[PDB]
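For the numbers below, each heavy atom of this structure counts, side chains included, while hydrogens, waters and symmetry mates do not. Positions are given from 1, in the same order as the sequence printed here.
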Amino acid sequence: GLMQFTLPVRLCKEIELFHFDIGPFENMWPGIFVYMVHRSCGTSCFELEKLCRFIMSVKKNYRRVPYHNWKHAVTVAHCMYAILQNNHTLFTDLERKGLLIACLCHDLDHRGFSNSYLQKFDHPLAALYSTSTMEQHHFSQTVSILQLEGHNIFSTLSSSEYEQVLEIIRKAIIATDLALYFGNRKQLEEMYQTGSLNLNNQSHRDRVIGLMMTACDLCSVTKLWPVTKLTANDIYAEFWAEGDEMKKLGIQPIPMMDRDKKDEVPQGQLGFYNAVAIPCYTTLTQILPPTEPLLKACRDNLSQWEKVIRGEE
Ligand SMILES: CN(c1ncnc2nc[nH]c12)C1CCCCC1
Ligand SMILES: [Mg+2]
Ligand SMILES: [Zn+2]
């Protein structure tokens, strides 16, 4: 266990920052992830033979879609790494273990379509799981990979720590269903502003971890403007594929997903930043002050989208 992963100096420095981009080199992404586990968790949390075999099975089971791909998986895992590192003492050894794996696995086997398109398509997954359809599939896919011979990275945990970490991971993945974020955030907003929020309460921890999951999942909006903007093309590339699929079922898609209505994109971003992103990072900063840089960067990118509408860029 005397094998440490190191990064080049620039990555070594920039990886601690929230707005870090993992770069266009796929073959460095697993090392970035292992680097993060070792510093976040310990050089001993996992067996390196098992972890690497787990990481490469997870990579295999992400598809080649414009946005919900292996790059998303590692980007979301880096955001959770930054949160965990700026909030060292607030999380148990197990939560740090669990949440980084949850992040990496949270969009396993994503096809690039919303839960809504599965229902209207009448996809078998919609019949098997009536809500959080893809999120229940992602968790299912994670358990399958953990059960491959040589892949159980949790082996050294007790029976009880094992059940705890799969429960931390299952709640974590379900919480990336953005339909559940609105209620979750409203409740956290309420508990913080009445003073009832209590991190020794497991149901309160669960909601907080869920908000973090949303924050990590939406973290494309917290990067420097050029990363945010170019990630938005990949997001809209999936949205327009889905819109096209909606029209093939004989359903006019909402305008955000209609590729005839690209002109409305900057205004669509305003709504999303105001309705989703800003609220998410406001509440997360109120509960975990050291995550303020996510709010700051999200507000900057809001300002960047406003400048696009005014026609300045
Ligand atoms: C990432 N989410 C976004 N939706 C719309 N505009 C965005 N700009 C950055 N992120 C955006 C969605 C991604 C797919 C699941 C639903 C959330
Ligand atoms: Mg997802
Ligand atoms: Zn995701």
Side-chain angles (χ1 to χ4, degrees), residues 1-7 11 15 22-23 25-65 68-85 91-111 134-176 209 212-213 216-217 219:
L2 289 176
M3 300 193 204
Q4 272 319 276
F5 285 72
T6 57
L7 299 179
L11 277 84
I15 200 168
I22 63 176
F25 304 101
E26 292 217 336
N27 291 144
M28 296 186 61
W29 294 343
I32 285 169
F33 183 78
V34 171
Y35 178 84
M36 291 194 296
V37 171
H38 283 163
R39 282 185 107 267
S40 240
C41 194
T43 72
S44 39
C45 279
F46 300 107
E47 217 247 274
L48 196 58
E49 211 174 354
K50 290 211 163 218
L51 186 55
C52 280
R53 197 161 37 241
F54 178 78
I55 288 159
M56 298 311 299
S57 295
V58 176
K59 168 174 162 70
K60 192 208 306 161
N61 284 286
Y62 272 94
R63 300 176 177 251
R64 281 221 192 90
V65 292
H68 283 102
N69 57 39
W70 174 233
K71 197 187 184 150
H72 174 69
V74 184
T75 299
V76 165
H78 162 268
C79 193
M80 178 67 67
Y81 162 80
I83 289 172
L84 291 177
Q85 289 283 275
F91 302 106
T92 70
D93 304 37
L94 263 185
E95 296 184 328
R96 282 201 262 80
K97 274 181 206 222
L99 286 182
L100 285 180
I101 299 306
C103 281
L104 196 64
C105 297
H106 87 286
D107 269 329
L108 258 183
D109 187 36
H110 207 292
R111 328 299 171 80
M134 289 303 305
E135 294 75 15
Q136 288 189 68
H137 184 53
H138 305 320
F139 177 59
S140 171
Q141 293 281 283
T142 309
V143 169
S144 305
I145 294 187
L146 270 187
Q147 284 180 178
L148 267 13
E149 273 222 19
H151 291 61
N152 202 286
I153 59 163
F154 290 126
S155 71
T156 77
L157 279 37
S158 62
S159 181
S160 96
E161 284 185 308
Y162 189 87
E163 165 136 27
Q164 279 178 11
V165 87
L166 263 288
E167 200 60 14
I168 286 145
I169 288 167
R170 189 196 55 82
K171 286 160 185 167
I173 294 189
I174 306 302
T176 59
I209 288 160
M212 287 161 72
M213 287 303 299
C216 288
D217 197 23
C219 85

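For residues 101-110, the pairs satisfying salt bridge (charged side-chain N to carboxylate O under 4.0 Å, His left out) are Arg63-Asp109, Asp109-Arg111, with sequence neighbours left out. Among residues at least two apart or in separate chains, there is no salt bridge (charged side-chain N to carboxylate O under 4.0 Å, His left out) pair with a member in residues 70-82. Judged as a salt bridge (charged side-chain N to carboxylate O under 4.0 Å, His left out), the pairs with a partner in residues 30-56 (not counting sequence neighbours) are, in order, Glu16-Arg39. Residue pairs satisfying the salt bridge (charged side-chain N to carboxylate O under 4.0 Å, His left out) criterion with at least one member in residues 152-174, sequence neighbours excluded, are listed as follows: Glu167-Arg170, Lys171-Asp206.
Minimum heavy-atom separation, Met56 to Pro30: SD-CG, 4.1 Å. When all heavy atoms of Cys105 and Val58 are compared, the closest pair comes out as SG-CG2, 3.9 Å. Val34 and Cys52 make their closest contact through CG2-SG, 4.5 Å (heavy atoms, listed as atom of the first residue, atom of the second, distance). Of all heavy-atom pairs spanning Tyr62 and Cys103, the tightest one is OH-O, 4.4 Å.
Within the 4.5 Å cutoff, the side chain of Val37 has no heavy atoms near those of the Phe5 side chain. Within the 4.5 Å cutoff, the side chain of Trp70 has heavy atoms near those of the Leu104 side chain. By the 4.5 Å heavy-atom criterion applied to side chains, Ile101 and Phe46 are counted as neighbours.
To the nearest 0.5 Å, the span separating CG on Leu48 from CD1 on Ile55 amounts to 8.0 Å. To the nearest 0.5 Å, atom OG of residue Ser40 and atom CG of residue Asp93 are 11.5 Å apart. In this structure, OH on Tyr35 lies 9.5 Å from CG on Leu11, to the nearest 0.5 angstrom. Between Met212 atom CE and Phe91 atom CZ the span is 3.5 Å, to the nearest 0.5 Å. Rounding to the nearest 0.5 angstrom, the gap separating the CD atom in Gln4 from the NE2 atom in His38 is 5.5 Å. Annotation: the span from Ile169 atom CD1 to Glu95 atom CD amounts to 11.5 Å, rounded to 0.5 Å.
When the ring pair (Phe, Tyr, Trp, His ring centres under 6.0 Å) test is applied to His72, the partners found at least two apart in sequence or on another chain are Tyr67, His68, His106.
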List the atom pairs, donor and acceptor, that lie under 3.5 Å between side-chain atoms in residues 140-147 and the rest of the protein, sequence neighbours left out.
| residue | atom | partner | partner atom | Å |
| --- | --- | --- | --- | --- |
| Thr142 | OG1 | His138 | O | 2.8 |
| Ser144 | OG | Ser140 | O | 3.0 |

